[PDB]
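What follows is a set of notes on a single structure, which appears directly below.
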Amino acid sequence: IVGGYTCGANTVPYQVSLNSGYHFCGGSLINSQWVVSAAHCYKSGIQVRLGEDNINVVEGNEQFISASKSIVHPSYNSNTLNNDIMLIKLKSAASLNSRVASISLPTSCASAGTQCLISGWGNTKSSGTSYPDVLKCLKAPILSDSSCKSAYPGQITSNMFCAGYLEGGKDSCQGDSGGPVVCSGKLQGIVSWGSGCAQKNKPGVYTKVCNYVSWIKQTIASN
Ligand SMILES: [Ca+2]
């Protein structure tokens with residue numbers, strides 16, 4: 001997250017870190033057994049880390065739980081990032097508590113202009129590289145579809161939305177991928193892509209989770 005703030009330990013209690021020997025992507029806990037992330041974060045051998053603040057220090061509230069299954073969307077296209085969503089099942093149910101909690105899925109899609117909370121352990125620099133140890137947060141508005149299409153002509157599908165600041169300076173970034181965009185208490189986006197980070201006229205692009213609620217529900221009903 002570039003231009004964000006330190007969230008505060010365990011105040012984003014649905015935020016997970018996906019670990020394959022190191023943090024490589026975020027995700028969102030949607031119930032005791034399941035995490036939503038980005039399909040472009042797929043790796044074999046994922047350990048889900050819940051209750052994290054500093055990902056390099058054991059602080060006492062973590063639950064580390066292996067993935068048993070990952071399910072990339074049937075229509076994910078890695079070339080265009082359309083349908084950039086993945087489900088990850090945990091080998092055992094998380095113990096839900098004040099610091100490890102699920103985030104609601106949406107019923108309706110989010111409104112343009114809504115200020116959402118984006119979080120992660122990704123790069124904090126627009127030019128160069130610095131990865132934080134503690135979880136970072138950013139408040140960012142959903143941009144209009146017209147504005148998003150203008151920014152990335154030919155590349156925005158109905159399953160994507162843009163959010164952030166066209167003047168630059170505030171965005172998600174590498175390593176935030178797969179983590180949450182929460183709007184009105186619902187998981188409405190997944191950190192997906194963007195040209196660079198926090199560059200002028202190049203806002204973040206996010207998977208539009210409200211297009212996936214029927215696939216998420218039938219998949220979890222079946223696995
Ligand atoms: Ca930790």
Side-chain angles (χ1 to χ4, degrees), residues 1-70 85-105 116-126 128-140 170-182 185 187 189-192 197-198 204 206-207 209:
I1 300 290
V2 180
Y5 56 101
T6 295
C7 300
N10 310 119
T11 65
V12 187
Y14 52 83
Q15 170 84 55
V16 306
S17 167
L18 303 185
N19 185 285
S20 60
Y22 48 90
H23 166 82
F24 68 88
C25 271
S28 299
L29 188 70
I30 58 161
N31 60 51
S32 66
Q33 285 182 97
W34 289 95
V35 166
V36 167
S37 186
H40 85 259
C41 285
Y42 165 81
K43 281 194 184 298
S44 67
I46 295 178
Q47 186 186 58
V48 176
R49 299 189 168 204
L50 305 99
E52 286 281 19
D53 189 48
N54 191 310
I55 49 166
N56 280 314
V57 179
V58 174
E59 298 177 301
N61 299 113
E62 298 89 348
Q63 296 175 44
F64 293 178
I65 302 170
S66 296
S68 54
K69 189 180 273 196
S70 299
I85 187 171
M86 181 175 64
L87 282 164
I88 301 165
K89 193 183 182 181
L90 300 182
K91 279 187 186 193
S92 61
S95 182
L96 303 176
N97 59 40
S98 57
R99 290 176 196 254
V100 176
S102 59
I103 182 68
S104 294
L105 293 169
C116 304
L117 179 66
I118 309 185
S119 45
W121 293 273
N123 189 359
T124 65
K125 302 286 204 193
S126 187
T129 313
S130 181
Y131 288 86
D133 298 313
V134 301
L135 184 66
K136 301 291 183 166
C137 274
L138 175 67
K139 294 296 189 72
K170 282 189 294 290
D171 195 5
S172 61
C173 197
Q174 274 72 40
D176 295 318
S177 286
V181 180
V182 164
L187 181 68
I190 297 165
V191 180
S192 182
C197 307
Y206 297 95
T207 308
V209 176

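Every number for a ligand or one of its atoms is a count from 1 in the order of the listing. These values consider heavy atoms only, across backbone and side chains, with no hydrogens, waters or symmetry-generated copies. For reference, positions follow the sequence shown, starting with 1.
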* Asked: Sub-3.5 Å donor-acceptor pair from the side chain of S32 to the main-chain atoms of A94, do we have one?
  -> no

* Which pair of non-hydrogen atoms, one from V181 and one from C116, has the smallest distance, and what is that distance? -> CG1-CB, 3.6 Å

* To do: Given side-chain contact (heavy atoms from CB on, under 4.5 Å), test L90 with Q63 step by step and report yes or no.
  => CA-CA 11 Å; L90 300 182; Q63 296 175 44; over 6 Å; no

* Backbone or side-chain N/O/S of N54 under 3.0 Å of the Ca ion (ligand 1) -> yes

* To do: For the residue pair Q15 and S119, confirm or rule out a side-chain donor-acceptor distance under 3.5 Å.
  => yes

* Metal check, the Ca ion (ligand 1) vs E52 N/O/S, cut-off below 3.0 Å -> yes

* To do: May I have the angle between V57 O and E62 OE2 with its vertex at the Ca ion (ligand 1), rounded to 10°?
  => 90°

